[PDB]
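I have placed the structure first, in the form of structure tokens, so that the comments after it can refer back to it.
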Amino acid sequence: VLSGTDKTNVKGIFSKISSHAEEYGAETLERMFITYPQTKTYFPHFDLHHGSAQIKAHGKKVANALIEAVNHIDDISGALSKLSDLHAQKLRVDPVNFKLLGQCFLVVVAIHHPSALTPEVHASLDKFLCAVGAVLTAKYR
Amino acid sequence: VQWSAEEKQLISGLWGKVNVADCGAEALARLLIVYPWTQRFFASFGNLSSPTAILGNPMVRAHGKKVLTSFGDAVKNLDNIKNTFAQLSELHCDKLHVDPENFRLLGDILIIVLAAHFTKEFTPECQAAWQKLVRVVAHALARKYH
Ligand code: HEM
Ligand code: HEM
């Protein structure tokens, strides 16, 4: 899973967030709308106009869990697991998107925290998101 | 593949400013590090034993250069990819035996590298074009398995 190196990096990089939670998750879910349109299909009830009131609110929702997780990095499940019954049982998110979103996020970061997303921080950061996605989908296994 | 007008002007609107070698040595360097198994194909490159060891190897670095140099050939003739990449879809298929799933990784890693460098310049629209790029090239690369 995540390693001694690993945990400490995700954290060190989640410290330089920062309080930016809002715009970051927000810019990440947007990017994921254009770059990957097929991903809109899940948000019919959603308004998807740049800076749409809603994407705003959901983005600090999505952001606050990634953190939430980062805090209890040592037992992720019961940490996001609840977001498990939602994504898997109700929403039926195609386990493939979880990758798309992870990609846009790791893109947002790379735009603002260039010098800090080094080879090794790229990795770990990707390790982390992969259990995060590996957890929200667990109900598949 | 129907290229749009602002989709080209962008691809090349960014390319012009690209550091083929620098960007070049990273993506490949980030690949060997990011997904370890892919180090299988480059053993002849010598030392790939530590993050450090890798960012320092002049082979990987050297080759890193002709990789994203080839993507440039992708940009310069955005209409004839399946061709400019016919010759190279053989080597990767009949000789090196590389899973298609790995042409796509390198492509998702080119984009992380492109953005890191151009920070805010790499606008969403920007990204849309350039993910459409790696998906195509990537595709033209595997057509030789089919
Ligand atoms: C690490 C990956 C992801 C995380 C951490 C995450 C997080 C969240 C959060 C925090 C919520 C809001 C919880 C609530 O208010 O009930 C949510 C709900 C939702 N998620 Fe995600 N998400 C991820 C990936 C995805 C993917 C891949 C999809 C499918 C494309 C998706 C689609 C949705 C939808 C449609 C909702 C309900 C939003 C609404 O209508 O209010 N999410 N998720
Ligand atoms: C998807 C983007 C890729 C691009 C743009 C690309 C491009 C190229 C090009 C132009 C060559 C010419 C060989 C030479 O210059 O001597 C080459 C060879 C080679 N490719 Fe790639 N290729 C890609 C994918 C991959 C993947 C996924 C792998 C394995 C992980 C790989 C491993 C190799 C190796 C080992 C060689 C020859 C190295 C040597 O014998 O010195 N390539 N590639």
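Chain order of the listed sequences is G and A. The UniProt record's numbering puts the first residue of the first sequence at 1, with every later residue one more than the last. The UniProt record's numbering puts the first residue of the second sequence at 1, with every later residue one more than the last. Yeah, the Cβ is synthetic: ideal placement off N, Cα and C, and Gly gets one too.
Notebook entry, point to check: Would DSSP call A:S12 helix, strand or coil?
Noted result: helix
Next item on the list: Just the chain A side, please: which residues come within less than 8 Å of G:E30 by C-beta, in chain order?
Entry: Neighbours of G:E30 in chain A, taken as residues at a C-beta separation under 8 Å, are given in chain order as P124.
Next item on the list: Residues of the segment 114-132 of chain G with a CB closer than 8 Å to any CB of chain A: list them in chain order, please.
Entry: Taking 8 Å as the cut-off between beta carbons, the residues of the segment 114-132 of chain G near chain A are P114, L117, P119, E120, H122, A123 and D126, in sequence order.
Check: Can A:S70 be considered in contact with ligand 2, in the sense that its beta carbon sits closer than 7 Å to one or more heavy atoms?
Finding: yes
Check: Does DSSP put G:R31 in a helix, in a strand, or in coil?
Finding: Correct three-state label for G:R31: helix.
Checklist line | Min CB distance A:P58 to chain G below 8 Å | finding: No, A:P58 does not count as interfacial toward chain G.
Next item on the list: Report the residue ranges of all alpha helix (DSSP H) runs contained in full by the segment 11-55 of chain G; include only those spanning at least 4 residues, in chain order.
Entry: 21-34
Next item on the list: Determine contact between the segment 42-58 of chain A and the segment 111-118 of chain A, defined as no fewer than three beta-carbon pairs at a distance below 8 Å.
Entry: no
Checklist line | Within chain A, the residues that G:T35 reaches when beta carbons sit closer than 8 Å | finding: Listed by position along chain A, the residues whose Cβ is nearer than 8 Å to that of G:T35 are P124, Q127, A128 and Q131.
Notebook entry, point to check: Beta carbon of A:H92: closer than 7 Å to some heavy atom of ligand 2?
Noted result: Proximity of the beta carbon of A:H92 to ligand 2 is indicated: a heavy atom of the ligand is located closer than 7 Å.
Note to self: Below 8 Å on C-beta distance, what does G:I111 contact in chain A?
What the structure shows: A115, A116, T119, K120 and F122
Check: How long is the line joining the alpha carbons of G:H58 and G:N97, rounded to whole angstroms?
Finding: 17 Å
Next item on the list: Ignoring anything shorter than 4 residues or poking outside the segment 3-59 of chain A, list the alpha helix (DSSP H) runs there in chain order.
Entry: 5-15, 20-34 and 51-56
Next item on the list: Pick helix, strand or coil for A:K66, following the three-state DSSP scheme.
Entry: helix
Note to self: Nearest by alpha-carbon distance to G:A63: which of G:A21, G:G102 and G:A53 is it?
What the structure shows: For G:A63, the nearest C-alpha among the options comes from G:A21.
Margin query: Rounded to the nearest angstrom, what separates A:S12 and A:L28 at their Cα positions?
Written below: 21 Å
Notebook entry, point to check: Nearest CA to the CA of A:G64: which residue from A:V98, A:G46, A:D79 and A:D22?
Noted result: A:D22
Margin query: Considering Cα atoms alone, identify which of G:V109, G:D94 and G:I111 is closest to G:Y140.
Written below: G:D94
Note to self: Please list, in chain order, the residues of the segment 15-28 of chain A that have any C-beta partner in chain G closer than 9 Å.
What the structure shows: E26
Margin query: Is there a C-beta anywhere in chain A that falls below 8 Å from the one on G:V10?
Written below: Judged by the 8 Å Cβ criterion, G:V10 is not in contact with chain A.
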